[PDB]
Amino acid sequence: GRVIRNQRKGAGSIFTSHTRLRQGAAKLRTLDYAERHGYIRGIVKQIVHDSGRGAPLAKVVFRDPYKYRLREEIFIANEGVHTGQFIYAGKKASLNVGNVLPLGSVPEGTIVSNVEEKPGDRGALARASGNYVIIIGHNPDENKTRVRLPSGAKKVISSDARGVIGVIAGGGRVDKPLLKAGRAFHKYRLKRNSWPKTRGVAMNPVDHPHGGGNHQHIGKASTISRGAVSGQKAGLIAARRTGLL
Amino acid sequence: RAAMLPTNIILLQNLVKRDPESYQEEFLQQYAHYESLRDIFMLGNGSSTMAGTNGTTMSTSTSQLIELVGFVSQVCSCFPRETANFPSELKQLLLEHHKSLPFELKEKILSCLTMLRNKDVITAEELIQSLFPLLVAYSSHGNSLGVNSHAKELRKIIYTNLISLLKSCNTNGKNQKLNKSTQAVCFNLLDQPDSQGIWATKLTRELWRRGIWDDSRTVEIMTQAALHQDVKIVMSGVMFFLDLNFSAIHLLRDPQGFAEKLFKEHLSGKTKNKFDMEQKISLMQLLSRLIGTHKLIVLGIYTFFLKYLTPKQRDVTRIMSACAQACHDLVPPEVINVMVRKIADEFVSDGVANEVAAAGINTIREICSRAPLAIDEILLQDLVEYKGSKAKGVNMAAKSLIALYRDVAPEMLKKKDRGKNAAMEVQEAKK
RNA sequence: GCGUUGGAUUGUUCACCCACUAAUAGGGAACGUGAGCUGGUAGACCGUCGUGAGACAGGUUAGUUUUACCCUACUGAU
RNA sequence: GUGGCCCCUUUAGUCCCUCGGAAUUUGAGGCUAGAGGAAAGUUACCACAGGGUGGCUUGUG
RNA sequence: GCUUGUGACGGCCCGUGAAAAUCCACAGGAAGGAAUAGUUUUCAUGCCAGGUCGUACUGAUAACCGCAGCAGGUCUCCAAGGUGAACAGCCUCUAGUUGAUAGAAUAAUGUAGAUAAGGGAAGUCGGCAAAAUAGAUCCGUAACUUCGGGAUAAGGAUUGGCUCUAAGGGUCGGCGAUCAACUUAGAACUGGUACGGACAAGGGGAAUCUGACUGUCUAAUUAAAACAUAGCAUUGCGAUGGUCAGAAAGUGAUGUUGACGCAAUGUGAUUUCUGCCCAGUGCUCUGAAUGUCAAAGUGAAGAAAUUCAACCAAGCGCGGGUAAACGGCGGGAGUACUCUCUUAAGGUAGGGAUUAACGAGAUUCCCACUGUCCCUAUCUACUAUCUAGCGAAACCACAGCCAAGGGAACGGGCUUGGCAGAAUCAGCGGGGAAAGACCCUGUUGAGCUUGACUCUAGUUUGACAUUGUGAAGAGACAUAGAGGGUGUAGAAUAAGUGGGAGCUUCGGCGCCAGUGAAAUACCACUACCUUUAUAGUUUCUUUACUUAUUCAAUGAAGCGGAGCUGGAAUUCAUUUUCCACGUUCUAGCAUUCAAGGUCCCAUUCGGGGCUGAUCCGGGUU
RNA sequence: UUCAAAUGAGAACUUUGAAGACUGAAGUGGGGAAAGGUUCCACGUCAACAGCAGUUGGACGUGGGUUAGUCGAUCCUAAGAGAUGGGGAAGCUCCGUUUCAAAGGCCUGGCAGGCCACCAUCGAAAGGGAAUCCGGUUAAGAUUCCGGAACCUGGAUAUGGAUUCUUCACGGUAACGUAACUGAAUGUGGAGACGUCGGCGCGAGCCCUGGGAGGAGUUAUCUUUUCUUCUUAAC
RNA sequence: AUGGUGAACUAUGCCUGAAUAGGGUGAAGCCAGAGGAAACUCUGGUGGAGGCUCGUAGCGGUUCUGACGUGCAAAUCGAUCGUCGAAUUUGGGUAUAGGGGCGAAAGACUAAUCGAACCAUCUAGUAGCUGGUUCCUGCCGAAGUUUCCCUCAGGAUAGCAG
RNA sequence: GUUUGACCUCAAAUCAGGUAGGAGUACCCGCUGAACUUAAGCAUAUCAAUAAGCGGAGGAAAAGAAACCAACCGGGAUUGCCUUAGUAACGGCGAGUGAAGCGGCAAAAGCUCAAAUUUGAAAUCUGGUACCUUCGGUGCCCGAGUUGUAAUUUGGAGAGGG
């Protein structure tokens, strides 16, 4: 048989991301003495757009303490920040939107974004548009902190891990229909080559497990296993269930 | 996914089984719903009547409770608090209503109790008191005659679940405290003379076959069943002692008195005429196979057979094959002579057919293989007449009798039949 | 010896229908394997079957052979 | 009158042979005598190599 | 007015539409600089030099690629006048070319066009093809409709030329003077067979099936109801990760990513509909014990090789879930059969179905129109034809008149007959030329599929090694013990079997007496069941440490502990915890071993140290 | 397509002239990129080729011809390619492009004390980019040569000018202005540097057109007539 | 099978650039007027949206009993047709390489080669079946179930002749 | 003495002087490693411990003076030839594969380290430098080296003491 599309996706010839017009990798400030003990102030200069991304970014300028110079970080903007705003980042920072704090300092019930799975990760969770995590409780002994993620899962992580207050901007982006193939074309033009998607049923047997037949059908049971391997995993990888909910 | 997670239980339980210190509020959010649901369930095509249902569509409340019961039964071990009364709620949901619950919910609770007993949350001593009372209630004849009562299916489910329970309990070592307790309920069911010992016999046979209840205490139960008045209980006992018999005969307390009581109660005593022929024959088989094996003496058997020993009678080849099985070396051969002379008068007489004569001779020679001095030389010769009979049934039959008496009493045979070694043995031993 | 038509009908025509007409006769030279010009493999869909690849009791649709200038015959011409 | 009418499994060897440097004891192999008895479909998307009147009839059951 | 450049604006995006070299300015103020004279080369002038390689020509119906001086293909700039909406079509200016084998005739058949009386689809599988319509102004425009369209719907009145009228503007003057363009409406007269006069330029309508649409593909026979699409639904995954690569790697894609995301599938706009089954096959479950149960490891026998037994992970088996998973289509009860009754895929209403637009998609009918046809005729151009010059190819056993016979149903050759006169030109397509599919077979070649056979990457679970330092518990081997038995009756809870009528502390008692299949004292046998202890033997679970190992980050910057210091803080007498001397109205600034204080030297135009800024540490975090 | 003449042994095809037509500014024109490579131009010149012909030719033989500080490459980086260090691999070689390196360049005053922080290279003759225009000239070359007139870079530098005894300029309320009017480390900002469509405005060139000064053409009749020249570069 | 060469055609992605007359319809926003107590409505204008439309260049390749058929051409010519401001057309640079790539999916394309490219070697590869196998004369001279290996089957044998 | 030095380890230099790469590759030393074919089709098998691929040398390479063959009255490094032998043996015990000792011959060749106290004298060696009779010698000076350079000893033996 042939090698199939998902197997070809791993080499990364024509499936690499399209990264020319991206403003830069969005990240939090590196964990330093200031963020660990007190706070530090920066100025948000520009609220800007990032190609291939629905959420906007913010350019935040901070003052290097060890040398006389300026350092520009690229944050993911939360809903409500504005140019000329002061962003306070650290342990002793106040509880306002856009500020960066550790999860142990804040109380439970608060809303944060761009959370680090571990301290020094510089942003892992709640980065897409309209997304947020909710702190539900702390455990100061054994220092840990329990959070709820956008998928609904509940996790426990270090209280020294950081996050930025508020909701990521750009919400509602998926409530608008596209109505046209051209808008999907231009959307994925800047993300990657995962569009259009031909159906495996419409191919020959060399090209897919689902291919073949005088009628467009699958010969079996679209729930594949998890111990399957590299050419068998067509659809519904490890389905605990199927059907409408 | 977050808003749908409360609706998706299969993902919730896999998440809870990982980190159950989290997902406390997610569990309370469902336990409250389960409580509010059980608090509810606690309490035709004609032109006139309301339309009926197909039997497979259900309510959205029941479809939710059936899911919540499984979720709570699978995470009770993670949340021992807030679930301590859950199995008692299930138990008093079952054995106080029995009827305001749909069959799917009943089945779900019955399986959740079984897995809650597989895990050591619940004990067998309190699961038995849930399972047994439902059998008698769904074998009621008044509960099983609704519109869509699933009484037969429930009676099968509870039965196989009891079997799984006892198989579970008797794996490592035999839980005598449990077996001795649930044999007492079989005894106390067989007392109730209507039909309720069915669920004792049908269960003890299964456990004997699975080898879980090899004990002297159990064979007494089936003895009492065989000595019962109900036909489908007596038959269960008889077919147990049959299954050629099984090792249970070697755990009886008095086989002779057992056979005597059987022959007196069922067949001869009152002549109630309850059993049909197909059951009378199975009783005869048991009696004769006990008798021949254990050297018993009743002497009424051998006149009871004579009514039925006629070729114009229904399925006589089974009766006469049990006639021989009640013969010995140690019984008065006159009461068997009358039997042999009935058979000879009615099966190898004038004009009879080939199959009839062959059946007669074949069932006489296998009598004489146990009771050799039960027919005399004068009729022995009359029957070895039929050696060269041209029919190939009677010849094969007569040769068997000749070879039987060639090794046992060859002087009854004539010189023509003593085959080269019986005659030589007689010639040396006659001088 | 001389004539033996014009048309309708493809949810079909191994044929029938109404008209005109003097008449609207039957056949062969191909169909005793296969031979002018014209209607009646590759792609795709529905149905039956098949675990499936695919096949068919089917049905629908679209879908590139291209002489003669040679001999003979025939027709006319030296 | 010396009867009748038509090939891969297993066991055993007095003092059987050998295990090749000699021996003993186990095993193994022999020669004897016994007892038993690897593998399914499809291809019209295809390719290759080969092959392919008895004068017969007519209108009458 | 055309082309082009530019400016300020507006609209569109789940699209917000390169980087670096190079140049400048600003902040800052190290520093150096005038006095009897300096400073400034970002003001003006003046002086010197600027290397290597390319540079012609075509850029195409003859300079490139197609075997070629091949009607094919191949990126781009400039672009006049008139008609006219127009870079359309027609004619012309500048510039360029006048190249493509020629001459004579005008037969058929052809190729490319054109016209035709009356009838108008009688033709034909089929109105194929052709014809007809066509531009602009005005009137008018149905059903249906996703209310946006359908729609140029349909169907009708007109169009020339010439002479006129009216209206539509700008600049200056305290209504006039002056200047200028093509836009429309209207009237009169006039020629006509024709007036969008050539060119140019929709045929329309009533319905059906089908896919929503725009779009895409079988280059070189299939452009479609196929693919894609938006929309719809399902699944996996919270980074120690999901999906996918790589021989390996201190290796990679998604990922400059983080559930409004990535990956994997199916369905295929909107509207309407969307009922039930987890028996089967798949998928899944942090699913007990028992069963099956590999290697290592353990025990027994033996002199040993070896043999046996026990233990034995996952997986299987077992039982729970799931159908917008493949399947599939009823349920229950009473005695597979047989009787019974519920069938909730019920139309919610008798307004339940009268249902767009788009399409080189498949189909029928009507109007109009015609040489499709009756029924053919005529004309034009290039060929054919003849001539000068030039000059191939296919095919070719040998050849070339017919009939009958034999014959593989079938002769140009053989037999018997009919006949038969040179050499030849133009035509024709009957035959010969003379060069197909279909059917079958190989124990074939390849492609594809599957619980066909043998294997395998990958993945998964177990053992060993890497692998070191501690502790606490549970189970088992193995011995030593200790006790036990309710179906019923019987004084009583009778493993069972065999001997029988006292050793006697008591003569309690055992025998003789019921009842029971079996009879109890007393003493032996050998079955099961349950518990007590650990010489030892082992196995297993949990937990601690860090230096191996592993992961990530950084500028390897602030780590760990301190009567630290100073505050409070609440104590039950002395602590324990918080803080720390550092920063939160504001789109500013923060840099020269850091100023100051203090000790010493030198008096210089200034140097060095402590402190400002707590101490220690063989761990960058 | 035609007529005459010339050339020549020979002319339907060559040259000139006289006619008739064509492309008709989205050309049969004038220039370029890729590719080709002398095919360009001249002088001789016909054996073979230009499916007829040939005195002709992109043919044959012999020569000539391509001039740059300003046009380009060169330089920069784009997607991307790829060494080193290190790690794999039996190995040809693979990974990866700042990595887990002691990866080097500035100051002050038997070398002593300080400061800075960072990755080879390649990759566009349509992207970015310092600076030239006119006229004339050749058989064939030109934004390259000749003449004339400018500009950019880099370097050494003298004079004048500006400033200064209030040492490193004045004016203007201000927006800001001028011939200039010191400025190291370090830092910051800007330019380079950017989509597409719609219409509106402004400019250049072209189109159309009038008076006048010149030349050509028509004139059988008419036309104060039809056509044509009257231009102004970088800086 | 082993080892190597190809993205100058073509498929797809990325980078940097370029090209695309004249008309028809007339969406949001906006202006005025009329009717309103006001929600708001009606009329006339402005404006210039659309993966709209007619239709050039351009891209494609529907139909013709079309021309040609050793053709100009190993896919061309003519007329007719689809589309024509965008999922558009395109140059150069770059990336993906053979049981591999790419694929809006036809088993399509991958240098006239694709249901597995091209080059060389192993290689004089090999079954099965076909075709052919070179001078004269003399003498002798046949054969077709007779018996069998899992039925065809390639065979092994009886008999015949030298 | 918070100074001054010695050693160890790791670096840098366009430091002084040398050295490796690549070609050829008939033969040679290794590594890696197929299929066609032949077996009935075919997994064992055969083709084959072959071809292709990689690394590395020389005029020859490799091997080589026994941890050998043997079972004899014992031979006596290695290599090659004749023979052993199409044998012993291996193998769906099928296709097929397949050595060795002995004997005759060609050529002939033996040896070296570590492990031992020089301990009454590191006696050893590279380099730099000045001369010389220059494929090298003498002197002198830095250095290597006792974590061991020379002599002496290599199992056949051998050493020390006499």
# chains A, B, ... in the order shown; residues from 1 in each chain; ligands from 1

$ interface_residues --of "chain E" --to "chain B" --cutoff "12 Å" --atoms "only C-alpha atoms (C1' of nucleotides)" --output "VMD selection string"
chain E and resid 236 238 259 to 260 275 to 277 284 to 291 318 to 322 330 to 334 340 to 346 486 to 488 495 516 to 518 528 to 530

$ interface_residues --of "chain A" --to "chain B" --cutoff "12 Å" --atoms "only C-alpha atoms" --output "MDAnalysis selection string"
chainID A and resid 131:133 136:138 145:156 239:245

$ write_last_selection --atoms "N, CA, C and O atoms" --output "compact mmCIF listing (two decimals), in the first residue's frame"
# COMPACT_ATOMS: atom_id res chain seq x y z
N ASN A 131 -10.61 32.40 26.76
CA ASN A 131 -10.34 31.26 27.61
C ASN A 131 -9.77 31.74 28.94
O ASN A 131 -9.13 32.79 29.01
N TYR A 132 -10.02 30.96 29.99
CA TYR A 132 -9.62 31.32 31.33
C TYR A 132 -9.60 30.06 32.18
O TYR A 132 -10.24 29.06 31.85
N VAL A 133 -8.85 30.11 33.27
CA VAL A 133 -8.85 29.07 34.29
C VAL A 133 -9.32 29.69 35.59
O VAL A 133 -9.16 30.90 35.81
N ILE A 136 -9.79 27.34 42.51
CA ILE A 136 -10.86 26.89 43.40
C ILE A 136 -10.38 26.78 44.84
O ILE A 136 -11.15 27.03 45.77
N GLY A 137 -9.12 26.42 45.06
CA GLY A 137 -8.60 26.31 46.41
C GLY A 137 -7.09 26.23 46.43
O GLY A 137 -6.44 25.89 45.44
N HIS A 138 -6.55 26.54 47.60
CA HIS A 138 -5.12 26.47 47.89
C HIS A 138 -4.87 25.40 48.94
O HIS A 138 -5.78 25.04 49.69
N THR A 145 -1.93 24.29 44.47
CA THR A 145 -3.07 25.12 44.13
C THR A 145 -3.90 24.40 43.08
O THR A 145 -3.36 23.88 42.10
N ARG A 146 -5.21 24.38 43.29
CA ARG A 146 -6.14 23.63 42.45
C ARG A 146 -6.88 24.58 41.52
O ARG A 146 -7.47 25.57 41.97
N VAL A 147 -6.86 24.25 40.23
CA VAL A 147 -7.40 25.10 39.18
C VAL A 147 -8.31 24.27 38.29
O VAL A 147 -8.15 23.05 38.19
N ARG A 148 -9.26 24.94 37.66
CA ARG A 148 -10.12 24.35 36.64
C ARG A 148 -9.77 24.96 35.29
O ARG A 148 -9.66 26.19 35.18
N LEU A 149 -9.62 24.11 34.29
CA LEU A 149 -9.17 24.48 32.96
C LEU A 149 -10.35 24.65 32.03
O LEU A 149 -11.49 24.31 32.37
N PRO A 150 -10.14 25.21 30.83
CA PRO A 150 -11.28 25.44 29.93
C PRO A 150 -12.00 24.18 29.51
O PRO A 150 -13.21 24.22 29.25
N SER A 151 -11.30 23.05 29.44
CA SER A 151 -11.95 21.80 29.07
C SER A 151 -12.83 21.25 30.19
O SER A 151 -13.58 20.29 29.97
N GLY A 152 -12.74 21.82 31.39
CA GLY A 152 -13.48 21.36 32.54
C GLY A 152 -12.65 20.53 33.50
O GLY A 152 -13.09 20.32 34.64
N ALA A 153 -11.48 20.06 33.07
CA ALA A 153 -10.63 19.28 33.94
C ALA A 153 -10.17 20.12 35.12
O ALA A 153 -10.16 21.35 35.07
N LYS A 154 -9.79 19.43 36.20
CA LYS A 154 -9.29 20.07 37.41
C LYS A 154 -7.91 19.52 37.71
O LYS A 154 -7.71 18.30 37.79
N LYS A 155 -6.96 20.43 37.88
CA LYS A 155 -5.55 20.11 38.03
C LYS A 155 -5.03 20.73 39.31
O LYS A 155 -5.64 21.66 39.86
N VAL A 156 -3.91 20.21 39.80
CA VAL A 156 -3.23 20.73 40.98
C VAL A 156 -1.78 20.98 40.58
O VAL A 156 -1.13 20.10 40.00
N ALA A 239 -12.05 5.61 21.33
CA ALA A 239 -13.35 6.14 21.70
C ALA A 239 -13.94 5.40 22.89
O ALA A 239 -14.26 4.21 22.80
N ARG A 240 -14.09 6.12 24.00
CA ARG A 240 -14.84 5.61 25.14
C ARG A 240 -16.32 5.43 24.81
O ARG A 240 -16.97 4.54 25.36
N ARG A 241 -16.84 6.26 23.91
CA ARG A 241 -18.23 6.16 23.48
C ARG A 241 -18.35 6.74 22.08
O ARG A 241 -17.38 7.25 21.51
N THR A 242 -19.56 6.66 21.54
CA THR A 242 -19.90 7.31 20.28
C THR A 242 -21.31 7.85 20.41
O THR A 242 -21.96 7.73 21.45
N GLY A 243 -21.80 8.47 19.34
CA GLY A 243 -23.17 8.91 19.26
C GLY A 243 -23.37 10.33 19.74
O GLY A 243 -22.50 10.96 20.34
N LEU A 244 -24.56 10.85 19.45
CA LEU A 244 -24.92 12.18 19.89
C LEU A 244 -25.13 12.20 21.40
O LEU A 244 -25.57 11.21 22.00
N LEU A 245 -24.81 13.33 22.01
CA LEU A 245 -24.90 13.50 23.45
C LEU A 245 -26.21 14.16 23.85
O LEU A 245 -26.25 15.36 24.16

$ residues_around --residues "residue 63 of chain G" --least-positions-apart "2" --cutoff "9 Å" --atoms "only C-alpha atoms (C1' of nucleotides)" --output "number ranges by chain"
E: 360; G: 80-81

$ write_last_selection --atoms "C-alpha atoms (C1' of nucleotides)" --output "PDB file, in the first residue's frame"
ATOM      1  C1'   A E 360     -21.116  23.754 -21.255  1.00  0.00           C
TER       2        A E 360
ATOM      3  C1'   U G  80     -18.820  27.420 -30.865  1.00  0.00           C
ATOM      4  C1'   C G  81     -18.502  27.340 -25.578  1.00  0.00           C
TER       5        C G  81
END

$ interface_residues --of "chain G" --to "chain A" --cutoff "6 Å" --atoms "only C-alpha atoms (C1' of nucleotides)" --output "PDB file with N, CA and C atoms (P, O5', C5', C4', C3', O3' and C1' of nucleotides), in the first residue's frame"
ATOM      1  P     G G  13      -0.961  24.668  -2.732  1.00  0.00           P
ATOM      2  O5'   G G  13       0.123  24.968  -1.611  1.00  0.00           O
ATOM      3  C5'   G G  13      -0.142  24.596  -0.272  1.00  0.00           C
ATOM      4  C4'   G G  13       1.085  24.659   0.602  1.00  0.00           C
ATOM      5  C3'   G G  13       1.818  25.983   0.649  1.00  0.00           C
ATOM      6  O3'   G G  13       1.167  26.957   1.443  1.00  0.00           O
ATOM      7  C1'   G G  13       3.382  24.235   0.454  1.00  0.00           C
ATOM      8  P     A G  87     -11.034  35.057  -2.409  1.00  0.00           P
ATOM      9  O5'   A G  87     -10.208  33.707  -2.304  1.00  0.00           O
ATOM     10  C5'   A G  87     -10.863  32.463  -2.498  1.00  0.00           C
ATOM     11  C4'   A G  87      -9.890  31.345  -2.767  1.00  0.00           C
ATOM     12  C3'   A G  87      -9.503  31.165  -4.237  1.00  0.00           C
ATOM     13  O3'   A G  87      -8.113  30.869  -4.387  1.00  0.00           O
ATOM     14  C1'   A G  87     -10.443  29.158  -3.392  1.00  0.00           C
ATOM     15  P     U G  96      14.529  18.898   0.213  1.00  0.00           P
ATOM     16  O5'   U G  96      13.187  18.051   0.167  1.00  0.00           O
ATOM     17  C5'   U G  96      12.496  17.758   1.368  1.00  0.00           C
ATOM     18  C4'   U G  96      11.136  17.166   1.105  1.00  0.00           C
ATOM     19  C3'   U G  96      11.117  15.941   0.218  1.00  0.00           C
ATOM     20  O3'   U G  96      11.512  14.775   0.915  1.00  0.00           O
ATOM     21  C1'   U G  96       9.345  17.404  -0.378  1.00  0.00           C
ATOM     22  P     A G 105      -8.420  16.704  -6.731  1.00  0.00           P
ATOM     23  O5'   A G 105      -8.569  15.144  -6.998  1.00  0.00           O
ATOM     24  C5'   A G 105      -9.826  14.502  -6.835  1.00  0.00           C
ATOM     25  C4'   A G 105      -9.680  13.010  -6.684  1.00  0.00           C
ATOM     26  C3'   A G 105     -10.812  12.326  -5.923  1.00  0.00           C
ATOM     27  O3'   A G 105     -11.003  10.999  -6.407  1.00  0.00           O
ATOM     28  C1'   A G 105      -8.789  12.022  -4.757  1.00  0.00           C
TER      29        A G 105
END

$ select_by_dssp --residues "segment 71-221 of chain A" --states "alpha helix (DSSP H)" --output "short mmCIF file (atom, residue, chain, number, x, y, z; two decimals) with N, CA, C and O atoms, in the first residue's frame"
data_model
loop_
_atom_site.label_atom_id
_atom_site.label_comp_id
_atom_site.auth_asym_id
_atom_site.auth_seq_id
_atom_site.Cartn_x
_atom_site.Cartn_y
_atom_site.Cartn_z
N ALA A 181 -15.79 29.11 1.29
CA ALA A 181 -14.53 28.38 1.29
C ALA A 181 -13.34 29.33 1.32
O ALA A 181 -12.26 28.96 1.78
N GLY A 182 -13.53 30.56 0.84
CA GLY A 182 -12.41 31.48 0.73
C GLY A 182 -11.92 31.96 2.08
O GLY A 182 -10.73 32.22 2.27
N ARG A 183 -12.82 32.07 3.05
CA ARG A 183 -12.41 32.54 4.36
C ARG A 183 -11.66 31.45 5.12
O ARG A 183 -10.70 31.74 5.83
N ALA A 184 -12.04 30.19 4.91
CA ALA A 184 -11.25 29.09 5.45
C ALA A 184 -9.90 28.99 4.75
O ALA A 184 -8.88 28.70 5.38
N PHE A 185 -9.90 29.18 3.42
CA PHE A 185 -8.66 29.26 2.66
C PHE A 185 -7.71 30.27 3.28
O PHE A 185 -6.56 29.93 3.59
N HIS A 186 -8.18 31.49 3.49
CA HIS A 186 -7.31 32.54 4.01
C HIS A 186 -6.97 32.31 5.48
O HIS A 186 -5.92 32.75 5.95
N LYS A 187 -7.84 31.63 6.22
CA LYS A 187 -7.54 31.30 7.60
C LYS A 187 -6.36 30.34 7.68
O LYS A 187 -5.38 30.60 8.40
N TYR A 188 -6.44 29.23 6.95
CA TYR A 188 -5.41 28.21 7.05
C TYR A 188 -4.18 28.54 6.21
O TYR A 188 -3.12 27.94 6.43
N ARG A 189 -4.29 29.51 5.30
CA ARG A 189 -3.13 30.04 4.58
C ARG A 189 -2.05 30.52 5.53
O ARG A 189 -0.86 30.44 5.23
N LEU A 190 -2.47 31.03 6.69
CA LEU A 190 -1.53 31.61 7.64
C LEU A 190 -1.25 30.67 8.80
O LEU A 190 -0.32 30.93 9.59
N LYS A 191 -2.02 29.60 8.95
CA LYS A 191 -1.75 28.59 9.98
C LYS A 191 -0.88 27.47 9.43
O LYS A 191 0.28 27.33 9.84
#

$ residues_around --residues "residue 122 of chain G" --least-positions-apart "3" --cutoff "9 Å" --atoms "only C-alpha atoms (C1' of nucleotides)" --output "VMD selection string"
(chain G and resid 1 to 2 125) or (chain H and resid 35 to 36 51 to 52)

$ write_last_selection --atoms "C-alpha atoms (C1' of nucleotides)" --output "PDB file, in the first residue's frame"
ATOM      1  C1'   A G   1      17.263  -7.756  -5.703  1.00  0.00           C
ATOM      2  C1'   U G   2      21.795  -4.309  -5.010  1.00  0.00           C
ATOM      3  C1'   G G 125      17.908 -14.364 -14.892  1.00  0.00           C
TER       4        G G 125
ATOM      5  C1'   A H  35      17.578 -11.658  -5.050  1.00  0.00           C
ATOM      6  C1'   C H  36      17.231 -14.224 -10.028  1.00  0.00           C
ATOM      7  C1'   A H  51      27.321  -9.902  -6.420  1.00  0.00           C
ATOM      8  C1'   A H  52      26.608  -4.747  -5.092  1.00  0.00           C
TER       9        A H  52
END

$ atom_distance --atom1 "atom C1' of residue 534 of chain E" --atom2 "atom CA of residue 175 of chain B"
28.4 Å

$ interface_residues --of "chain A" --to "chain C" --cutoff "10 Å" --atoms "only C-alpha atoms (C1' of nucleotides)" --output "ChimeraX atom specification"
/A:205,211-216,218-220

$ closest_residue --among "E:389, E:211, E:350, E:258" --to "chain A" --atoms "only C-alpha atoms (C1' of nucleotides)"
E:258

$ residues_around --residues "residue 69 of chain G" --least-positions-apart "4" --cutoff "12 Å" --atoms "only C-alpha atoms (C1' of nucleotides)" --output "count of residues only"
7

$ residues_around --residues "residue 65 of chain F" --least-positions-apart "5" --cutoff "10 Å" --atoms "only C-alpha atoms (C1' of nucleotides)" --output "PyMOL selection string"
(chain E and resi 56) or (chain F and resi 40-41+139-141)
